[PDB]
């Protein structure tokens, strides 16, 4: 096993170390570069959301509801529960003539510290419509209604909408059904685990489909839907997360060049459209990147992802400088004295 870490120090003394796994794959999922164990069996959590959104958009009759790009971005989101996210959740429920009572996700403290502060000040108790997964849940309800299935149990593994999700995830991974494992997520849906490189493969396919669409290529409905998902996330990155969130700041900085998505417990995935940077890495098409911090630390994840983009030459120093607060998180004490820092002793292997 490779020994790839992100390390924090206090005065040069090692504080914490965090094991890093990463895969960099081409449009077919061939491994180009790695850290740690690039095939680590990994719970993709929210980083699987574009695959779930594909299952929703491929459900017959869902096109009739008129979901727009911002709605699809919300299906792909771990949003901050800003008022605009709650409003768009309600808009999507109304498009399918459903009610908040039909949701089978629950409320939680906001993924944004500033939103949660406003909630605490107002004694607000979040409900189902506030879930960071609310857009995905409305999409699943939409799919269940569109094919005339029951809506009560849309979130249960035996429901046809979850059969569609399970098949679609395995297909995008190029895995047999038996090679994808399933548990239950915080939002009470089935959630997949598969080798980490296949999360990179999903995002390589998203970016590859975006390149194919832009070139005016004849596309299957699946490739057209993957291109639409890429475009929706890149055009509405504030729907995918929210103000001050890594994913939103990353996708705004890159202005269409890539899409990026967090998974709970510190997974990350990026789909990179073909560029001078991807060609310099030795591939003639789109690229996927997937990362897992073994111990689940989110601060370390954002620092590593930003360091990996710098090492891969993705963006420019000016584009990546928008992410400086995440790349090198502050280690300043209560008296304004810098006491430590973050370092990246890992080495990409080709």
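Numbering follows the first chain given and starts at 1.
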What stretch has the higher average Cα B-factor here, 137 to 145 or 122 to 130?
122 to 130
As stated in the PDB record, which stretch has the larger average Cα B-factor, 58 to 66 or 303 to 311?
58 to 66
Pick out which of 37, 46, 321, 42 has the highest C-alpha B-factor in the PDB entry.
321
Of the options 263, 186, 195, 157, which has the highest CA B factor as deposited?
157
Pull the Cα B-factor of residue 200 out of the PDB entry and bin it into the chain's lowest, middle or highest third.
lowest
Looking at the entry's B-factor column for C-alpha atoms only, identify whether residue 332 ranks in the lowest, middle or highest third of its chain.
highest
Could you say whether, by C-alpha temperature factor, residue 190 belongs to the lowest, middle or highest third of its chain?
lowest
Among the modelled residues of its chain, does the C-alpha B-factor of residue 289 lie in the lowest, middle or highest third?
lowest
Check where residue 5 lands among this chain's C-alpha B-factors and tell me if it's the lowest, middle or highest third.
middle
